[PDB]
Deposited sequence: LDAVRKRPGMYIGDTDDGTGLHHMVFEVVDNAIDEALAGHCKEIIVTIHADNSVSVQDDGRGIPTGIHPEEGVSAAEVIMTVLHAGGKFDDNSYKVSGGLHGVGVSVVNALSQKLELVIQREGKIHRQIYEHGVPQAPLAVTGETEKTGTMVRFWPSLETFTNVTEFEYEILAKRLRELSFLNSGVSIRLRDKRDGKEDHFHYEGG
């Protein structure tokens, strides 16, 4: 990840005007849509939290959790820490990132700070559901001037995406003011 840290603008875009900041969300959304498309029920939920973090959840299969034979860490960690631009770029430029994977009747949790895992991926409990959730706090050392998520920028893009991804429910929620939207195009 040090290559991304050396020159963040090359990977995420402009870190001052807000375009790079919102690209962080849209990169994570693209990965969530890919997981949602693998299934039948397909739903993703994008939540803007009151602390200016954004979470993106899908109800897909859940990212692989088993140890990678070469790397010697969970396959999830490899996805989050090895260099669309990839979620690893978002992780590198996030001062905090929470990963939650529900898979094979188990809840898996891991926390990152500036791309560095704080502990190995851990099974913390049980669940009937499946899916992947990433909640990230953009790094205020990288992202300057525009540091708060504009609802309209996310709402507009998610609406455009709904028409290209048939059968995928996309929910947008703003916990700051309680505003929300539901984009669900079932064409074809």
Identify which parts of the deposited sequence carry no C-alpha coordinates, going from the N-terminal end onward. 84 to 101
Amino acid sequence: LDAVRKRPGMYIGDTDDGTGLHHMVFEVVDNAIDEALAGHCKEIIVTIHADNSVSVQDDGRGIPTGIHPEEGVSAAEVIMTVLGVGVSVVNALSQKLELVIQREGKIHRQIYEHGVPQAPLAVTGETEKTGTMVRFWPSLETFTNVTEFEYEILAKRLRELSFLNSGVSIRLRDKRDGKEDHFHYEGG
From here on, numbers count along this sequence of modelled residues.
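Definition used throughout: the rigid core is the maximal C-alpha set that superposes within 1.5 Å between two forms.
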So, in 8 other deposited structures of this protein, taking the root mean square over structures and residues of the Cα distances after a rigid core fit: is 35 to 43 or 145 to 153 the more displaced stretch? 35 to 43
Relative to the presented form, and with the rigid core used for superposition, do the C-alpha atoms of 84 to 92 or of 109 to 117 deviate more in 8 other deposited structures of this protein? 84 to 92
Greater mean Cα temperature factor according to the PDB record, 151 to 159 or 117 to 125: 151 to 159
Stretch with higher mean Cα temperature factor, 8 to 16 vs 21 to 29, is 8 to 16
Going by the entry, which of 83, 101, 97, 73 has the most elevated CA B factor? 83
Top Cα B factor in the deposited entry, candidates 132, 65, 145, 55: 145
CA B-factor placement of residue 138, once the chain's modelled residues are sorted into thirds: lowest
Divide the modelled residues of the chain into thirds by Cα B-factor and specify which third, lowest, middle or highest, holds residue 48. middle
